[PDB]
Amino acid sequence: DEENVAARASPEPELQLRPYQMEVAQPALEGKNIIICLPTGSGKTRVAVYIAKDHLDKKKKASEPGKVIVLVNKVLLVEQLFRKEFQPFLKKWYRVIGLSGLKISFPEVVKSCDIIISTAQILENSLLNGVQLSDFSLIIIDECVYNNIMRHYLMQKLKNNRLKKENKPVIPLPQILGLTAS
């Protein structure tokens, strides 16, 4: 019909999820740390991008810091998620970049961009050594390397419990979104 004719001439990618995908995303949309398990890579990716956009939109509305890092475990996945997914979906609203490993610096992409696609190793190197976990409001972990990052998170949670006891400000920690297909 008339609606269908128009839709057939509407080329921009769309980020409307199926109801099942919405159901499994819901706790992440509410800001809860969670794992999402989906049956396809394309589905997992679309859900990740939707959650990232929702997250950053809410932070902007609330005048709170918003910055997403997406961690993968292969250099080729960095360029894929950057150029084929997050950039085409969100470039209208957010500064997206992929960094895998020559002039571009990881600490500087963290300062200047809103969605950073990188490897777990690069984050871990920047952390275990320029960058802090608190810099990010959301960390998306593909195929949920990660033991050290997770220990680091948990230790900051423990440290925050001490800071609270001491009537000192806590250090902000990101929401964690783990993905697995499937």
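All residue numbers are counted from 1 along the displayed sequence.
- Counting the unmodelled positions of the deposited sequence between residue 129 and residue 130 gives a gap of 4 to 9 residues.
- Counting the deposited residues that fall between residue 107 and residue 108 and carry no coordinates gives zero.
- For the two regions 116 to 124 and 50 to 58, the entry's Cα B-factors average higher over 116 to 124.
- In this entry, the higher average B-factor at the C-alpha atoms falls on 148 to 156, of the pair 135 to 143 and 148 to 156.
- Compared with the other modelled residues of the chain, the Cα B-factor recorded for residue 11 ranks in the middle third.
- Per the PDB record, residue ranking by Cα B-factor puts residue 96 in the lowest third of the chain.
- When the modelled residues of the chain are ordered by their C-alpha B factor, residue 90 lands in the middle third.
- In the PDB entry, a CA B factor belonging to the highest third of its chain's modelled residues is recorded for residue 81.
- Per the deposited record, the Cα B-factor of residue 33 falls in the lowest third when ranked against the other modelled residues of its chain.
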